[PDB]
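> Return a 3D structure for these sequence lines:
(chains A and B)
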Amino acid sequence: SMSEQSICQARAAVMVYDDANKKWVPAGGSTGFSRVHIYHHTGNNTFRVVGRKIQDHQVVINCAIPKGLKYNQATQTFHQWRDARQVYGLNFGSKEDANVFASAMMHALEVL
Amino acid sequence: XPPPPX
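Residues are numbered from 1 along each chain as shown, chains lettered A, B, ... in the order given. Sure, structure below:
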């Protein structure tokens, strides 16, 4: 707030890939849908993905969007990306939620 | 990019 503005909201179950056990796991520990924002830090022209579980408001994801990021729209409702530290997945609750977020993500990547 | 969850 003050420093950033949200540029989208989308309904998704946020998951992270467990490389060691070759499975997706729920981000933050609990399975459930979250409200996932992309937030724009207006001053630096930087963007960050932040999500909070609907039920308890726990932040399950808070990861910058780096320049050049490769965003994989594997399916119409499941998109994923990586960093040096994690692989992230968004299991969106509809195709509308996916295109809203995907659309927001692509704009940010074009603007970085 | 690992395959989706299910």
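> From here on, just use CA atoms for contacts and neighbour counts.
OK.
> residue ranges of the strands in chain A, please?
Ranges of strands within chain A are A:4-18, A:23-26, A:34-41, A:46-53, A:59-64, A:71-73, A:78-82, A:87-92, based on DSSP state E.
> which residues are in contact with the shortest one?
Counting by Cα atoms under 8 Å, 6 or more residues apart in numbering or on different chains, the neighbours of strand A:71-73 from elsewhere in the structure are A:79-81, A:102, B:1.
> would you turn these into a markdown table with distance to residue A:37 and neighbour count?
Below are these laid out as a markdown table (distance: Cα to Cα, whole Å; neighbours: other Cα atoms under 10 Å in any protein chain shown):
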| residue | distance to residue A:37 | neighbour count |
| --- | --- | --- |
| A:79 | 14 | 21 |
| A:80 | 15 | 23 |
| A:81 | 15 | 19 |
| A:102 | 11 | 20 |
| B:1 | 22 | 15 |
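> what's the farthest-apart pair in those?
Maximum pairwise distance in those, criterion Cα to Cα, is 16.5 Å, between A:102 and B:1.
> what residues are up against whatever residue of chain A ends up closest to chain B?
Across chain A, no residue is closer to chain B than residue A:24, which sits at 6.0 Å (Cα to the nearest Cα). Residue A:24 makes contacts with A:15-18, B:5, as judged by Cα under 8 Å, 6+ apart.
> out of these, which is most surrounded?
Counting neighbours by other Cα atoms under 10 Å in any protein chain shown, the top entry in these is residue A:15, with 25 neighbours.
> Tell me which residues touch that residue, please.
Residues near residue A:15 by Cα under 8 Å, 6+ apart: A:24-27, A:88-91.
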